[PDB]
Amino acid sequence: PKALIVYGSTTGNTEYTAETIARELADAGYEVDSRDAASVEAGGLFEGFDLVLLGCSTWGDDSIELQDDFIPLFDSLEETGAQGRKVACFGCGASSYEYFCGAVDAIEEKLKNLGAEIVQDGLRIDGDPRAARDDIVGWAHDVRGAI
């Protein structure tokens, strides 16, 4: 299958997460297209992919703020071709904040309102993702068995 991975990362944690997931899918034979949200255009972005994985860190503290590069995409999610698309979300955060990985929840909610098919519960990483690598690998495995 063909998968598209789009991620927004300020310090590289969600980017590290996206590349770990990308490598697991490619090792299984998928054709994987991994892009930073900063270089993407929302219009028709999901057209042609069997699976779309969206990753985003959570900022803001007292109010949720999506990772800076991901904002424009989130705002135009209506134009990407999400209706009937198999999607799954992931992201880095810290459980010391009130809205832990709140960006993952906001993106899942919008995707379900747009008619996408969420294939697996989102991956929510607490702290350094390098220390939760087995969980990232495990979630990537589960998504493949879900499409």
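Start at 1 and count along the sequence shown; that's the residue number.
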* Structure fact -> Looking only at C-alpha temperature factors in the entry, 75 to 83 or 118 to 126, the higher average sits in 75 to 83
* To do: Taking the mean of the C-alpha B-factors per stretch from the entry, tell me the winner out of 22 to 30 and 41 to 49.
  => 41 to 49
* Asked: Of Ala88, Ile64, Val104, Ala94, which one's C-alpha B factor is largest in the deposited record?
  -> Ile64
* Ranked by Cα temperature factor within the chain, is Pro1 in the lowest third, the middle third or the highest third? -> middle
